[PDB]
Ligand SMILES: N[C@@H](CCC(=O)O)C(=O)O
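Next comes just one chain, in structure tokens: the form deposited without the named molecule.
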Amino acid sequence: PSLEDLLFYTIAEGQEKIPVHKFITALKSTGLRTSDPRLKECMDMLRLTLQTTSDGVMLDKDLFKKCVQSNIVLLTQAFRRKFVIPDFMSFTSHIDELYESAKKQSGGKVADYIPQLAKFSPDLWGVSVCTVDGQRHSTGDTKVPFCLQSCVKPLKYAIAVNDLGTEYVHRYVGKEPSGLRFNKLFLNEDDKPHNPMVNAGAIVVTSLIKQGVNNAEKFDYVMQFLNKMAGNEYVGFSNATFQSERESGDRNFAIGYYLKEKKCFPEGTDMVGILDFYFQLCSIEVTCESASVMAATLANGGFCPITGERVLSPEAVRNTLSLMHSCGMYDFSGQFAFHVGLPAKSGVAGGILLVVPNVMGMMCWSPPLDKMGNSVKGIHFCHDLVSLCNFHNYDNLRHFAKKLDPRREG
């Protein structure tokens, strides 16, 4: 009694033959996209079958077997409800409601210190989800590209820890929040930036990645790596944002000279070059969708959930998630950790990279920022989400009052 034929009877309902669209609809209903890279062989085979059998279109036990066999393990887990969120449909309806609520939150100011962010409508609002099992949902403007900006800080920190290890990286950068009123100070008392999520800390992390090669390869190396975290969905680049960011980055240069003088960099660092590399990494583009997959890779201990590819070490991902928890939301970091209790990173373009460990990754995007620099609708959404679901780090998985748990059912 193979997997293939016993799953066959599940969708077969008791009939001899299965509608192709009935299979596809059932597949989608689990939250998997038909374009999922782990489902390619099966999708090619279904397409091929539609060609070679216009006499249909319905799958015999043996025909069904011939399509789904190469992707059979995934298809089972999907259809035997063993995914991290069993009732993904119900969950996405909740996501949509959360979305509609934050959509009514119209305040905040779009960043305008360079013309490439002043341009973005205040009304763009997008939310994407990717579970650690690759289940997907999106609502709103989730295919509009925007710059990562500071959302890239944890990503490049993760690359650094991955390539070099914790101990080395943290010779150069600390692992703690500054404390909300040592905002302005570049260095902690050990003459290290206090953590990798502040600009000074990010600038030093940037200086550690791929030492020795030029910025072109350095950038290519980081771009490859983001491609994998995103399961090869959209990772772009804004040159316009880069040119603007470098021509108006006085404080970043102020930080650059300070760090150099305090000898914060590895020997042989070309600081002005590192600053230029730093502006490039800030100008790297995503959509909500592709970024949600990056977040999911961090939710999934370093494996990209839609390719099954190991992208980062567990050590790299844990460190990163630790610091997004405590340092990722600027001056709202403590507030956020307290009330939302999720690892997250915001950016000046309006992105909030969000991780729900062992469940899912998200990217919420809306350009208007609050006084602290976080997307208004993103922050509102994040609070609501943890109000609804027992996703708070220190929520309990067995005793959680009236909170809903999307990891269960009846």
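Numbers follow the displayed sequence, beginning with 1.
Keep in mind that the form solved in complex with the named molecule is missing from the display, and what follows is about it.
Candidate spot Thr34, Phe79 and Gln135, all three touching the named molecule in the bound PDB entry (heavy atom, 4.5 Å) = The answer is no; none of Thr34, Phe79 and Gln135 reaches the named molecule.
Stretch in contact, per heavy atom within 4.5 angstroms of the named molecule in the bound PDB entry, of 275 to 283, 232 to 240, 83 to 91, 288 to 296 | Selected stretch: 275 to 283.
Among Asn252, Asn71, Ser313, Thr139, which has any heavy atom within 4.5 Å of the named molecule in the bound PDB entry?
-> Contact residue from the list: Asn252.
Select from the listed residues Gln116, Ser150, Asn195, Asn162 the one whose heavy atoms reach within 4.5 Å of the named molecule in the bound PDB entry.
-> Exactly one listed residue reaches within 4.5 Å, namely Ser150.
4.5 Å heavy atom contact, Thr269 to the named molecule in the bound PDB entry = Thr269 lies outside the contact set for the named molecule.
Answer for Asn215 alone: is it within 4.5 Å of the named molecule in the bound PDB entry, judged on heavy atom distances?
-> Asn215 lies outside the contact set for the named molecule.
Taking 4.5 angstroms as the cut-off for heavy atoms, does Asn199 touch the named molecule in the bound PDB entry?
-> So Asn199 counts as contacting the named molecule.
Report yes if any heavy atom of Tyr330 sits within 4.5 Å of a heavy atom of the named molecule in the bound PDB entry; otherwise report no.
-> Contact with the named molecule, yes.
Can you tell me which residues in 336 to 373 come within 4.5 angstroms of the named molecule in the bound PDB entry, by heavy atoms?
-> Heavy-atom contacts to the named molecule in the bound PDB entry: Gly347, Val348.
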